[PDB]
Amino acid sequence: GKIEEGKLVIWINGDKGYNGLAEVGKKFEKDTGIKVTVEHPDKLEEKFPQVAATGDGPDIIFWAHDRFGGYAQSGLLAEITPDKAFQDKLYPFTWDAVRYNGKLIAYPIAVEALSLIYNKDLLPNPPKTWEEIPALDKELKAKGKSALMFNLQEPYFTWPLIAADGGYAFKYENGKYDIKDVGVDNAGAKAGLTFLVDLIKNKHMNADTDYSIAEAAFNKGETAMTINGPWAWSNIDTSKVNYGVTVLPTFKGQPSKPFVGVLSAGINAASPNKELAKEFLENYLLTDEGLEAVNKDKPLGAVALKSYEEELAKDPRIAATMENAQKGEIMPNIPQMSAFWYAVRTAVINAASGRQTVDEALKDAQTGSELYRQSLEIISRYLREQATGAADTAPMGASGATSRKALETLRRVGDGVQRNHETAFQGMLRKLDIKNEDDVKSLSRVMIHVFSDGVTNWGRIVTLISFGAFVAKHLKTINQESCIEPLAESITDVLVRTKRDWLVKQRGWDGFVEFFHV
């Protein structure tokens, strides 16, 4: 389906101030005659890239900025071009969170960081360390309470602990990300997750605790502490708990490091209402009165709009939010963040339930988080050396032995496939009629149709990549060598998205090397 002209459909998460956002929508309707529909579907961050890919979905999508680079890389977002006068009304660091490949891909709304929320009637002074929580829980259990309950199903809430002693997602040094350097299974990450698993094993927490269970327990006065963001404060106000919002506890003397999000509004590339969306976001929502309406429903945190943020800055809950934000780090918006989050969510859940050990769980998470970059490194090098006749001299980098050995295996087995299946390869090449970067882009659909319509095994993966090499050779001979790298990226995208779970179960490219050994 096509997006309907002359209305606005907005998607925002169900924990945010969506009735507040609908009031801003009604003000827009009152001026313009244009109906604004606000929806909060489950798993909207997973649904958006599926429906938007077919030219469907909402006109405007709200999420934290971490998902938006993936969306932008897939052509799902309109470039945002506010004038200088509008850009200067928001803090520059919030604009930086919505910049992807030099282009603004969303409007920033507000800065979110988790804090420790504590019941002052149970815990007059909250604990400064994670390490004192077991003893504190023992004290509280004797009075029929617990120390701490928070969502263990979403790794956002457990990440601050994992990150504290040296866990990291993608390493940041000299003002740039080393996407090859992933810190999911180092000693720091292990120490943090082991502490969490030990809290569970000693019955200080329950592995099944989710968002709803922890909220209800805190807001009924059953647990002394929770971990949550500004959005949660509204329901706590209603409960009349005497609560404080403060700095997260330290682990091994070091601050808990929450991943900081910037709630952001992106415009769908398929929307025929882009001018209405920009008008709504700039002149209705991102105003003192627009942000107030949302903030009164569920608090936004530290708003991007300089004028309204000065008014809210005096709130000690916001001061505490920004203290934790400064100790933490701004999330990347790189396309791999979705894979990172999927990998760590599974690792926390399996470690918490005892399905896997901490070592086993973080091992798998590391492989999952590394999979795109390692797969690209191998696939791009094979395609490029096959096309040119000469290999890449560049160092292989992180997990370089695996990448080197996988490439050597792929040269052996892939050249065998190209030789033996030369007839079919030639026939399919002629059938596809590839001649430019436009035709290369259209291969993704046929590639995913043929590669996924069949069993999952290493032999079929070799075919995917070897035919890729066969096409790369053709692109070089027709003076279309600049298409080879986008082809490699497209093959890699198809492989890692469709076979993510299977690939991780095989120990990634080490499984490939082992399967075809001797």
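In this text, residue numbers run from 1 along the sequence as written. Between two forms, the rigid core is defined as the largest C-alpha subset superposing within 1.5 Å.
Asker: Just give me the stretch that moves more in 8 other deposited structures of this protein: 373 to 381 or 432 to 440, judged by RMS C-alpha distance after a core fit.
Answerer: The answer is 432 to 440, which departs more from the shown form in 8 other deposited structures of this protein.
Asker: Between 341 to 349 and 419 to 427, where do the CA atoms move more in 8 other deposited structures of this protein, taking the root mean square over the structures and residues after a core fit?
Answerer: With the rigid core superposed, the C-alphas that lie farther in 8 other deposited structures of this protein are those of 419 to 427.
Asker: Would you say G75 is missing from a third or more of the other compared entries?
Answerer: Negative; every one of those entries includes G75.
Asker: Please report whether at least a third of the other compared entries leave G188 without coordinates.
Answerer: No, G188 is modelled in every other compared entry.
Asker: On mean Cα temperature factor in this entry, is 50 to 58 or 477 to 485 the higher one?
Answerer: Mean CA B-factor is higher for 477 to 485.
Asker: State which stretch shows the higher mean Cα B factor in the entry: 367 to 375 or 224 to 232.
Answerer: In the deposited entry, the stretch with the higher C-alpha B-factor mean is 367 to 375.
Asker: Just to confirm, going by the entry's C-alpha B-factors, which of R345, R317, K278, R430 comes out highest?
Answerer: Max CA B-factor in the entry, restricted to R345, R317, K278, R430: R430.
Asker: Considering only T423, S353, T250, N151, which residue's Cα atom bears the greatest B-factor as recorded?
Answerer: Comparing C-alpha B-factors across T423, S353, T250, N151, the maximum falls on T423.
Asker: Going by the recorded CA B-factors, say which third of the chain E132 sits in, lowest, middle or highest.
Answerer: Middle third, going by the recorded CA B-factors of the chain.
Asker: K35's Cα B-factor: lowest, middle or highest third of the chain?
Answerer: Its C-alpha B-factor, which the entry lists for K35, ranks in the highest third among residues of this chain.
Asker: Going by the entry, which third of its chain does the Cα temperature factor of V494 land in?
Answerer: Highest third - that is where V494 ends up once the chain's C-alpha B-factors are sorted.
Asker: Where does the C-alpha B-factor of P255 rank in its chain, lowest, middle or highest third?
Answerer: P255: CA B-factor falls in the middle third of its chain.
Asker: What third of its chain's C-alpha B-factors does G414 belong to: lowest, middle or highest?
Answerer: Its C-alpha B-factor, which the entry lists for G414, ranks in the middle third among residues of this chain.
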